[PDB]
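Just so you know, structure 1 and structure 2 below are the same protein chain in two forms, each on its own as C-alpha cells.
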Structure 1
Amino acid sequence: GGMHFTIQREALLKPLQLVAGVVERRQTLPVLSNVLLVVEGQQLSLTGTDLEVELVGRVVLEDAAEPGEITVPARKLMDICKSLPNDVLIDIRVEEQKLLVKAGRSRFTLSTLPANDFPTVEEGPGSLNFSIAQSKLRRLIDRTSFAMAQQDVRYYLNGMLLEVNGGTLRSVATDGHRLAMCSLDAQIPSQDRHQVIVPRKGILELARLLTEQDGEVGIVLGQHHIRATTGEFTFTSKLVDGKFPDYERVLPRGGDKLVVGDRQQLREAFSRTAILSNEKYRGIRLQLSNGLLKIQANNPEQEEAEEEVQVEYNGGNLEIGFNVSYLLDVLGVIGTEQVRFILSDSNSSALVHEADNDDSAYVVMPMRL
C-alpha cells in the first residue's frame, strides 16, 4: 500500500494555490521547489517553504484515503490542478518515485522527492500567544503595510513591528520618510509587553491569508518566529533580528494647523497636479490660506500645474512641500470620507488621521522648498 487519496478540484485548489505561492521558482536545491503532501487519517496537509516562511494548508478528505507522505513540484501540481474542469474529482497516488494525478480523461505523472528531504521548522515555544479576529489583524497590517521600506537588507526598516501593550495590539511601519501605525485592542492580558519585527515579504503574505472576514486566528510570538494558525492554515515566519526604534519620538507634537478635507477630492487633485511635477522627486507645493488649499507642481521644462481645493481651515498661513506619492499612499488607506491633516511649520512632519477616529495615525515628512 502507498499514499492514495481522492479530492475535488475546488477542494484542493484553494489551499494548494496559497501554499504554492510561498514556494520560490527554480530554487537551487530541488526539494525547495516542491510542496509536501501528507495524508494522515482523513486529512491532507500541504506545506511550502522558502526557508524564511512556511505555509501549511489542510483539507478534509471526504472519501477513503490510504496514507503517506511525499513531495511534488508545487507549481506544476497547481498549474495542473487549475487546468482541470470545474467540480471534477482528482485521483492522486504514488507509484514508484512518481506522483500519479488522474482526473477524467487526463493523466499526469510528476517526479517526486522524499518527504524527508523537506526541511522542518526549528520552532521552539511561545513567549506570548493569543487569539484575534482575522479582520482585526488584517486591518493592522493593511492600514500600515505601505510604509515599510523596500530594500532587502536585514534591518528593522524592511519589516513591520507588531507590539503587544496593555490590552492592545499595534502595528508600526516606517521607511524613514513616512510612518504608519494602527492600534486595536484584543483579548491579551495587560501585564504583557513584547515586540516582534515581521519581515516585509512575510507580513504581506500573512495579510493575504486572513481572508475569512468573520474568522479567528491564533497568534504565537517567539524569540525568532511568529505563528498564525487559522484551522485551515498555519503560517510561520522568521523574525527580523534587532530592536525597533522608539517610534513614539517620531510623532509630531505641536500642530496648530488643522486641515479637514474630502479624501477623494484631495487624492484626485494631488494626483492631477503631479503630472507636471518632477519625475524623480515628485514634489508638490501646498499653499494654505483661509479655507483654501492651493496645490502647485512644476518640472525642469518650466511646465506648471496649479489646482485650488476648497477645504476646512481656519488657521494661519502656511506653505509646505511634499512628495506627492507619500500623500497619495496615505490617502489610499484612509477609510473615512473626510481626512484630517495636522501641520505645524514648513519643515516639520505632517500628521494625518481619519475623520472620526485616531486608531490609525500617519506621519509624513515634508520637502524643503
Structure 2
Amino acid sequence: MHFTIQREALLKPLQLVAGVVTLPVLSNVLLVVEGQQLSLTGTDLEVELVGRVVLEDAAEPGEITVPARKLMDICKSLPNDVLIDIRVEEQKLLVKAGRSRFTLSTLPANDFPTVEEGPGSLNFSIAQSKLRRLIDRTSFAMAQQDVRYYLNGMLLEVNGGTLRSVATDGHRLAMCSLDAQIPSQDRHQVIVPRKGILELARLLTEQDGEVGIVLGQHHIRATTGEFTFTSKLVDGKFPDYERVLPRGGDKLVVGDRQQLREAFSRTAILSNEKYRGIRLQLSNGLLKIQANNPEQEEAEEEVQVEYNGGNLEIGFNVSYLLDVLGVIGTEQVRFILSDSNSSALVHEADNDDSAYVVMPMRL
C-alpha cells in the first residue's frame, strides 16, 4: 500500500472520521486504497463513518488501520499544502512530508469491525438542511442513559409523504414534521440512538446539498458526496407519542418569546438546583413566575401575556421551558394549557409544524 496526497486533501475526511472515533482497534482509522481512491473509516461500534478522497499520483493498493487521533494530529501539524507520502512497511505506517518522518504502529485491516450494509426497506433523498432542521428542533428532548432503551434516541417516521422526528425523555416531548414528497408506502419508523443522531446533524453542513437516506430494520444510512454514515438502530418499540400530546386544552396563552426566556432564566437562578421548579400563576393578561430554593431564596417576576380566562397555578421544570423557548423561531410563542395536573403544548406563533410537550410538576 502506497500513496501520495496533499495535506488538505487528507485532512478533511480524516477530521470527519475522527469525530466518531474502549477496544484499541476502535481508536484506529481504516485506510483502504482501491485504484485511485482512498477510503477512510472510523467507528465506535454504533456508528460507522466513511470518507472518500481521490488520489492523483499512481497508488499501490492495500489496507491497514492506524491510530486516528495521531494520524490527524500529524496531518494537522504539517505545513500548508505539503505532499504527504504514505507507505506500509512491516506492520508500520511510514509518513513522509518535506523533511518530517513519522512511523506509526498499525493493526491489521481484518481486525477492524464491519457493518451489514443491507439494501433496506425504504430510501429517499432530502435537502440536508431540512433533515438537519428536524433534528435540531427536537434533539434536546431525548433522554440520556434512561433504562428504557427507546427513550435514548430520536424516532424518525415516514408516513404519507411526511418525514417526522420525535424525541422524549418521558417528561417532555419534541416533535417536528416536514412535507418531504416521499412516495406513499407503509409507515416506517426508526429509532436512531442519541449519539448517532447528533453526529448526523453536525455532519449536514452543505446548505444547498442533498442527503440520500436508507431506512432498514437494523440500520440507517445517510449518504452524501463527502461521506457515508451508518448507524445501528435502537431495538424496541417507540411509545405511542400521539397519546402524550395534550388535547382539548381550554386556556390559550400568547407571549413574547424573548421576554419569557429572559424571565425564566432570571428566576431559574433561585430555583432548586436539582428539581428546577418554577411556579406559574396565570390570570387575565398576566403571568407571575416564582422560584424558591432550599435556602428560602426567592425570585419573582411578572410578564404581560395575552390570555383571557380562569386563573391557573401550575408548576414546571424551568430548564424544560427554556429548552423549548430556545428552539422556537418566532417572536411570539403559544402555550396551550388546561389544568394543574395536565401538560403544556407549545407551538410557534403561526405554525403547527413543531410541537412541544412539557409535563407539569407538583407544587
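For clarity, a rigid core is taken as the largest C-alpha set superposing within 1.5 Å between two forms. All residue numbers here refer to structure 1's sequence, counted from 1.
- When the two forms are superposed on their rigid core between the two structures, the C-alpha shift of 2 Å or more among 107, 208, 224, 272 belongs solely to 107.
- With the core superposed, residue 120 shows a C-alpha displacement of at least 2 Å between the two structures.
- Relative to the superposed rigid core, the position of the CA of residue 241 differs between the two structures by less than 2 Å.
- With the core superposed, residue 43 shows a C-alpha displacement of at least 2 Å between the two structures.
- Core superposition gives residue 68 a CA displacement of 3.8 Å between the two structures.
- On rigid-core superposition between the two structures, the C-alpha of residue 337 is found to move 1.2 angstrom.
- We note a C-alpha movement of 4.2 Å at residue 88 between the two structures, with the rigid core held in register.
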